[PDB]
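Engineer: The following block contains the structure, expressed as structure tokens.
Note: ideal-geometry Cβ built from the backbone for every residue, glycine included; neighbour counts use all protein chains shown. Where a number appears in this text, it was derived from the coordinates with a stated rule and is not lab data.
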């Protein structure tokens with residue numbers, strides 16, 4: 001909406017990556033753009049900020065040389081280059097800015113998950129899980145992908161109240177995630193239920209319709 | 001830098017009651033102009049942080065009146081009155097007095113509710129997976145309370161401990177329960193050499209199937 005960031009970046013150790021943060025509206029040159037780091041399951045850490053109109057920067061000493069902030073005022077986009085990457089640089093990176101007039105409003109991008117690794121991108125295999133041959137529970141297994149994340153929905157967002165999508169688990173250097181959806185017994189198979197999975201890192205999108213199991 | 005300390009990693013609260021979350025700074029945040037530069041944010045799992053309070057006591061836009069803030073120059077408190085299930089998440093303080101800006105370590109709000117046994121469902125491998133040479137059996141233990149739970153797998157009557165991977169969700173924002181998914185993965189050949197598969201949850205609830213029973 002207000003700040004657009006890519007979902008992921010896969011980068012090799014020792015290399016560098018340039019993260020983008022595109023801002024909507026007209027006042028890009030008049031508001032500070034801030035950058036924040038968050039390692040998986042950990043806290044928040046402020047990296048620094050930049051005033052787009054002038055290019056003036058304030059860096060947290062801990063990120064000097066590791067991070068370089070710049071802007072392209074012609075496309076209202078802020079950039080953060082991270083250099084000589086190590087595993088400790090794997091984390092979610094957010095951009096954020098205050099509202100032009102009101103102090104009680106702060107806009108945040110969705111965050112970009114940077115994964116530092118020598119491994120290649122691998123698209124997931126998606127499996128529909130129907131019940132064993134009131135209510136009914138169905139599942140969807142998203143297996144063997146790299147890196148995170150994937151975005152999973154049910155009936156393109158039309159089913160959400162009875163859904164549980166679990167944190168992914170890493171094994172043999174590939175991730176696997178599962179999701180369950182529970183609905184009334186008269187809902188399925190009478191009506192169609194489909195698992196939708198997106199994995200932007202490999203530019204893939206797959207839909208798998210859940211079908212009752214047969215003698216196969 | 002100014003060090004921000006949140007001494008409690010988490011705090012419990014019964015829905016409908018009030019809770020106070022604390023934070024302290026290593027230097028006073030009260031400026032010569034009369035304002036105190038302390039902020040509070042809430043972060044829900046899988047979402048970006050949301051501003052709750054600015055300059056110690058001012059309520060941010062779109063935040064309900066149940067939230068309020070107070071403090072001295074070095075000790076602050078975020079108060080949440082009549083707590084709702086949707087309030088679950090991690091609360092962070094931040095100072096905006098001097099560069100570099102710094103955050104406290106965060107305090108997780110945990111809601112109390114009545115004990116609930118899990119709703120258990122087991123799933124044989126999809127036949128599409130079996131083609132890959134692998135076979136995963138999945139068991140969901142959903143909407144239970146409290147958070148601690150145990151899962152045991154048995155193949156043809158015997159307990160199986162290797163090849164199991166578990167994953168847990170954060171607390172549900174509507175009903176304050178927890179859920180867990182347990183996956184047992186075997187080779188296709190091993191899966192075919194056995195027939196009875198069982199998932200046992202002890203919070204014992206058992207769900208099972210026979211491979212060839214279709």
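Engineer: What do you get when you divide the Cα radius of gyration of region A:119-212 by 2.2 N^0.38 Å, with N the number of residues?
Structural biologist: 1.10
Engineer: Moving on. Based on other C-beta atoms within 10 Å, arrange A:176, B:202, A:68 from fewest to most.
Structural biologist: Ordered by Cβ neighbours within 10 Å, fewest first: B:202, A:68, A:176.
Engineer: Could you work out the mean count of beta carbons from other protein chains within 10 Å of each residue's beta carbon in B:24-36?
Structural biologist: Going residue by residue through B:24-36 and averaging, the value is 0.
Engineer: Which FRET efficiency value, to the nearest 0.05, is calculated for residue B:63 and residue A:32 with the Förster distance at 22 angstrom and r the Cβ-Cβ distance? It would help to have the intermediate numbers written out before the result.
Structural biologist: Values: r = 22 Å, r/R0 = 1.01.
About 0.50, to the nearest 0.05.
Engineer: Report the far tail of the P(r) of region B:101-154, meaning the percent of Cα-Cα pairs longer than 19 Å.
Structural biologist: Summing the P(r) tail past 19 Å for region B:101-154 gives 57 percent.
Engineer: Could you state the per residue volume, in Å³, of the convex hull enclosing the Cα atoms of region A:124-172?
Structural biologist: So the per-residue Cα hull volume is 117 Å³.
Engineer: To continue, here is another question. Cα atoms only: what Rg and Dmax, in Å, come out for the protein assembly as shown?
Structural biologist: For the protein assembly as shown, the Cα-based Rg and Dmax read 24.2, 79 Å.
Engineer: What is the order of B:203, B:31, fewest Cβ neighbours within 10 Å to most?
Structural biologist: Lowest to highest Cβ neighbour count: B:31, B:203.
Engineer: Right, something else. Neighbouring Cβ atoms within 10 Å as the yardstick, rank A:80, B:180 fewest first.
Structural biologist: With the sparsest Cβ surroundings first, the list reads B:180, A:80.
Engineer: With no solvent and one point per C-alpha, what does the Debye sum give as log10 I(q)/I(0) for region B:114-211 at q = 0.14, 0.22, 0.23, 0.24 Å⁻¹?
Structural biologist: The Debye formula, applied to the Cα set alone, gives -0.52, -1.07, -1.14, -1.22.
Engineer: Let me know the Kirkwood hydrodynamic radius for chain B, please, with Cα pairs as the basis and the value in Å to one decimal. If you can, show how the numbers build up before the last one.
Structural biologist: On the way: mean 1/r = 0.0491 Å⁻¹.
For chain B, inverting the mean 1/r across all distinct Cα pairs yields 20.3 Å.
Engineer: Simple spin-label model, 7 Å along Cα-to-Cβ: residue A:135 to residue A:155 in nm?
Structural biologist: Each label point is offset 7 Å from its Cα along the Cβ direction, giving 1.5 nm.
Engineer: Could you give the alpha-carbon Rg of chain A over 2.2 N^0.38 Å, rounded to two decimals?
Structural biologist: Relative to the rule-of-thumb radius for its length, chain A sits at 1.24.
Engineer: What FRET efficiency would be calculated for the residue pair residue B:77, residue B:193, taking the C-beta separation as r and a Förster radius of 56 Å, to the nearest 0.05?
Structural biologist: Efficiency, from the Cβ-Cβ distance: 0.35.
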